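Heads up, the thing below is written out as structure tokens.
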Amino acid sequence: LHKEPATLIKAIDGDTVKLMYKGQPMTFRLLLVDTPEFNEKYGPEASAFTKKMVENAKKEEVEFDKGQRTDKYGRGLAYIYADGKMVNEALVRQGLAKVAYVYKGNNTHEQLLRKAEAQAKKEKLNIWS
Ligand SMILES: Cc1cn([C@H]2C[C@H](OP(=O)(O)O)[C@@H](COP(=O)(O)O)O2)c(=O)[nH]c1=O
Ligand SMILES: [Ca+2]
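Reading the sequence shown from the start, the letters are residues 7 to 43, 50 to 141 in the deposited numbering.
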């Protein structure tokens, strides 16, 4: 997989973000994770975490997997990096998302993410508290 440029337009919630990619505005849905909705427990905290991470970044990048690049809603499906650190993995590492929506052929970072989830769970962090 390959990292590609993008620029933040706006944080949305824990696992969605509006980015400009190839010069067009797009809503991106993070691959392989599920954050609680803003209206659920840890929902606000997940939103805040993603927001800080992408807003503070000097450099945003998107990384597509091998399979589908847009979902049925027209959202881009990618791994998102802020200054080289993967937002998807960081959410899971902090117990602010569960590994989820693991579809065949769009699952390159599955094992990295499950390892992060095990650690967050061992630490009883956030959703695992
Ligand atoms: C993360 C992801 C979600 N989706 C779809 C499945 C779910 O459909 P439904 O809307 O029918 O539940 C929805 C979950 O996204 P959200 O967690 O943003 O709601 O997005 C994909 O199709 N591919 C993906 O890789
Ligand atoms: Ca969600």
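Using N, Cα and C, we set each Cβ at its ideal position, and we do this for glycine too.
Task: Alpha carbon of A94 to alpha carbon of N118, nearest angstrom - done: CA-CA distance, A94 to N118, rounds to 21 Å.
- [ ] Could you check the C-alpha separation between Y115 and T82 for me, to the nearest Å?
- [x] Cα-Cα distance, rounded: 13 Å.
Task: Chain-ordered list of residues that sit, by beta carbon, closer than 6 Å to a heavy atom of ligand 2 - done: With 6 Å as the limit between CB and the heavy atoms of ligand 2, the residues that fall short of it are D21, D40, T41, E43.
Task: For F61, the residue or residues it bridges with in DSSP - done: Beta-bridge pairing links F61 to no other residue.
- [ ] Name, in chain order, the residues that DSSP records as bridge partners for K53.
- [x] By DSSP's assignment, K53 forms no beta bridge with any residue.
Open item on the list: Taking its Cβ as the centre, do 16 or more other Cβ atoms sit within 10 Å of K28, making it buried, or is it exposed?
Closed with: It is exposed - the Cβ of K28 has fewer than 16 other Cβ atoms within 10 Å.
Open item on the list: At 3 residues or longer, what runs of the beta strand (DSSP E) sit wholly inside the segment 69-120?
Closed with: Complete beta strand (DSSP E) runs here, min 3: 72-76, 88-94.
Task: Contact under 8 Å by Cβ, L14 with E72 - done: Going by C-beta atoms, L14 is nearer than 8 Å to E72.
- [ ] Using a threshold of 8 Å, state whether the C-beta atoms of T62 and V104 are closer than that.
- [x] No, Cβ-Cβ distance for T62 and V104 is not below 8 Å.
TODO: Run the proximity test for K9: is its beta-carbon closer than 7 Å to any non-hydrogen atom belonging to ligand 1?
DONE: Not one heavy atom of ligand 1 is found less than 7 Å from the C-beta of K9.
Open item on the list: Once the 5 residues before and after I139 are set aside, which same chain residues still bring their CB inside 6 Å of it?
Closed with: Hits under 6 Å: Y54, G107.
Task: For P42, the nearest candidate out of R35, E57, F34 (CA to CA) - done: Selected option, being the one with the closest Cα: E57.
Open item on the list: Distance check for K133 and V66, CA to CA, integer angstroms please.
Closed with: Roughly 24 Å separates the two Cα atoms.
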